[PDB]
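Student: Numbering (the deposited numbering), first residue to last: 16 to 455. Here a beta-carbon is modelled for each residue, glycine too, at the ideal position from N, C-alpha and C.
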Amino acid sequence: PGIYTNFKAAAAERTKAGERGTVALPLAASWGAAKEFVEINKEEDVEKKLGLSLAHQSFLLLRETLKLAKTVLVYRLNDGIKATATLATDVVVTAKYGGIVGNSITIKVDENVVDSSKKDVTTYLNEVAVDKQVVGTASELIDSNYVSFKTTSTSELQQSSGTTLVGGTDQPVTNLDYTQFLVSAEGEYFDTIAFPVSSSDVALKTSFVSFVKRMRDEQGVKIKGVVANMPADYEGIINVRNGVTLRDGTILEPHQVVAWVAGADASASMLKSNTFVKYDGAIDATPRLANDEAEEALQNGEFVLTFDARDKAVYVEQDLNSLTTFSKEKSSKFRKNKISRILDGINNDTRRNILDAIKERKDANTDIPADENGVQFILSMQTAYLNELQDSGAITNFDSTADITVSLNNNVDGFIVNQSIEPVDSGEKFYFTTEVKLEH
């Protein structure tokens with residue numbers, strides 16, 4: 016227990032096999048917070064939080080993401096009119112959220128059998144009860160995750176056989192909504208973010224790539240972005256090239272395939288790449304690419320899917336990112352996602368594990384001092400982490416001596432952690448320096 020085991024836990028979490036990553040996915044639904052995220056891990060979550068079944072057509076992309084992602088943070092792009100209706104006598108009942116899902120809501124108020132002085136106000140959603148309240152007066156009605164009662168002066172709860180709400184509607188998705196999605200994305204913890212925007216508007220795709228560039232190289236949060244046909248020449252973006260065709264015959268354009276790829280990158284282990292990973296459910300890659308086109312594509316940092324007629328399944332040609340223009344600073348190695356996932360991860364954990372210890376030592380009233388003892392402490396901690404990654408086989412040739420160093424922020428108000436790590440298969444140690452401030 017305590018900080019220590021947490022640091023090892025971190026690295027251990029990085030190699031653990033099984034359900035993984037959580038990906039932020041923008042979608043349009045007919046029910047929900049609107050301009051806010053919704054966390055879903057189980058199929059039930061979908062219906063309970065968005066009013067429809069996960070099998071609905073509205074969640075096509077969602078399902079594709081869930082094919083490999085453990086968690087999906089769906090953001091409602093749109094919004095809509097809230098269904099309404101007047102119950103018995105002046106009892107305005109409006110749906111909680113906006114959207115056509117409110118039109119499936121229906122309140123049936125009867126008389127109480129265990130007390131003739133009260134009424135049995137129940138709310139239905141598609142002929143299935145979801146909220147029942149046994150109240151005496153209109154005021155005793157407490158708002159639910161489905162309705163909102165408005166008690167007025169002339170309020171009289173008359174028995175009703177079944178009055179249904181109406182007027183629910185959802186306004187189509189505007190390009191503005193996608194911008195707001197990137198804004199709310201700042202306050203969410205996810206591994207990968209998908210941008211299934213239509214290949215039409217180029218501006219959006221650009222503003223998306225910028226958003227990712229900031230998050231990573233400016234805010235320090237090393238996340239991955241996925242867009243279709245968008246050579247951002249940046250190691251933080253995956254450029255999906257082609258699409259696929261599912262068994263049921265449905266055709267998925269590359270801008271849709273991103274949904275899957277997002278979950279694919281988000282679930283990938285630090286030890287395993289995504290090359291030769293099959294796209295479960297896809298019977299063909301449309302369009303297909305000839306050897307020269309493919310070899311060409313890869314050369315340009317494109318994430319391509321190829322159909323293997325032998326095993327009759329489609330798989331990832333190579334887990335690469337849009338980065339093409341390399342250099343002294345960041346070598347070519349940075350295009351290969353495997354090497355990147357290790358690096359990104361490391362850094363990411365370095366900063367969070369340090370922050371946790373900070374705000375944890377503070378809760379015990381033993382704040383980590385900005386002196387030599389503080390440095391040593393953190394150094395010793397990160398070291399445990401680093402070694403763990405070596406043991407789990409994520410990184411090799413790690414010398415606790417000249418590979419990790421910690422110092423003061425020059426303003427003695429934070430810690431600077433410099434480290435040279437080497438991802439398993441890649442003869443090259445990379446230099447990484449993360450700064451953590453005692454008070455953010």
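Pull up the CB-CB distance for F413 and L423, whole angstroms please, since I reckon it's below 8 Å.
Tutor: On the sequence shown, position 398 is the one that residue 413 refers to. On the sequence shown, position 408 is the one that residue 423 refers to. The pair is not a contact, with the Cβ atoms about 24 Å apart (cut-off 8 Å).
Student: Determine, for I354, whether the minimum Cβ-Cβ distance to residues of chain C falls below 8 Å.
Tutor: Judged by its chain identifiers, the structure shown contains no chain C, having just a single protein chain.
Student: Using beta-carbon positions only, say whether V224 and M230 come within less than 8 Å of one another.
Tutor: The residue labelled residue 224 in the question sits at position 209 within the sequence shown. The residue labelled residue 230 in the question sits at position 215 within the sequence shown. In this structure, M230 does not lie closer than 8 Å to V224 by Cβ.
Student: When you compare the CB positions of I410 and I357, do they come within less than 8 Å of one another, or not?
Tutor: Within the sequence shown, numbered from 1, the residue matching residue 410 stands at position 395. Within the sequence shown, numbered from 1, the residue matching residue 357 stands at position 342. Cβ atoms of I410 and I357: closer than 8 Å.
Student: Can you list, in chain order, the stretches of the alpha helix (DSSP H) that have 4 or more residues and sit fully within the segment 63-95?
Tutor: Complete alpha helix (DSSP H) runs here, min 4: 75-81.
Student: According to DSSP, simplified to helix, strand and coil, what is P41?
Tutor: Here residue 41 corresponds to residue number 26 of the sequence shown, with the count starting at 1. In this structure, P41 counts as strand in the three-state DSSP scheme.
Student: Note down the Cα distance separating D158 from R366, rounded to an integer number of angstroms.
Tutor: In the sequence shown, counting from the first residue as 1, residue 158 sits at position 143. In the sequence shown, counting from the first residue as 1, residue 366 sits at position 351. Distance between the alpha carbons of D158 and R366: 42 Å.
Student: Quick one: what's got a C-beta closer than 7 Å to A274's C-beta in the same chain, skipping five residues either side?
Tutor: Position 259 of the sequence shown, counted from the start, is the residue given in the question as residue 274. The residues are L40, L76, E79, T80, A209 and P211.
Student: Helix, strand or coil: how does DSSP classify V108 here?
Tutor: Walking along the sequence shown from the start, residue 108 turns up at place 93. Strand at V108.
Student: From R376, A385, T321 and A26, pick the residue whose C-alpha is nearest to that of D307; which is it?
Tutor: Counted from its first residue, the sequence shown places residue 307 at position 292. It is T321.
Student: Would you decide whether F291 is buried or exposed? Buried here means 16 or more other CB atoms lie within 10 Å of its CB.
Tutor: Reading the sequence shown from its first residue, position 276 is the one you call residue 291. Counting Cβ neighbours within 10 Å, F291 comes out exposed, since fewer than 16 surround it.
Student: Between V390 and the rest of its own chain, which residues show a CB-CB distance below 8 Å, the 5 nearest in sequence each way excluded?
Tutor: Here residue 390 refers to the residue found at position 375 of the sequence shown. If we look at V390 and ignore the five residues flanking it on each side, its Cβ neighbours are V421, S422, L423 and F430.
Student: Just verifying my parser: in three-state terms, what is the DSSP assignment at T221?
Tutor: In the sequence shown, counting from the first residue as 1, residue 221 sits at position 206. Note: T221 maps to helix in three-state DSSP.
Student: Which of the three DSSP states, helix, strand or coil, is assigned to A385?
Tutor: If you number the sequence shown from 1, residue 385 lands on position 370. Residue state, collapsed to three classes: coil.
Student: Provide the residue span of the beta strand (DSSP E) that contains residue 6, from first to last.
Tutor: Residue 6 is absent from the structure shown; the chain starts at 16 and stops at 455.
Student: Indicate whether the contact test is met: 3 or more Cβ pairs, each with one atom in the segment 242-253 and one in the segment 330-343, closer than 8 Å.
Tutor: Touching, yes, given that three or more Cβ pairs across the two stretches are closer than 8 Å.
Student: Mind reading off the beta-carbon distance from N289 to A277? Whole number of angstroms is fine, and I expect it under 8 Å.
Tutor: As a first step, residue 289 must be located in the sequence shown, where it is residue number 274. As a first step, residue 277 must be located in the sequence shown, where it is residue number 262. Not a contact, Cβ separation roughly 12 Å.
Student: Report yes or no: do three or more beta-carbon pairs, one from the segment 239-248 and one from the segment 46-60, lie closer than 8 Å?
Tutor: Too few Cβ pairs lie closer than 8 Å, so no.
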